[PDB]
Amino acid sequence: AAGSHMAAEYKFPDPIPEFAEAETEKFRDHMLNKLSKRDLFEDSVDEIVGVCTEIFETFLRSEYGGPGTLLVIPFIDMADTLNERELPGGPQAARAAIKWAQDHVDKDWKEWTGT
């Protein structure tokens, strides 16, 4: 954080697979509920949520180590994957995903880790 200090002074938390799993369940349940109500996703909610959830969990499991590490790239990956598979609503789903993640992930990490 401050360049003159010793590297040994800065311990950063590793990603936590149990947090990734628990937070992915909350994300999935939010996304299923939010997208289910809308004609745009009527026949594809499960598939679209499945794409978003897989990308989200993979990022939390390997890459998320608390505040300062939730990158935008998984949400770009969600829109790109939905666009590649010609699933309608890519921008809408990725925006729902990033809004929820912005609102919850760091806060939930602090609560889950007790920090």
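Numbers follow the displayed sequence, beginning with 1.
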Mean B factor on CA atoms, stretches 35-43 and 54-62, record says higher is 35-43
Higher of the two mean Cα B-factors (5-13, 93-101; per PDB record) comes from 5-13
Quick tally, chain-level thirds of C-alpha B-factors: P88 sits in the highest
Entry-reported C-alpha B-factor of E23 relative to its chain, by third, is lowest
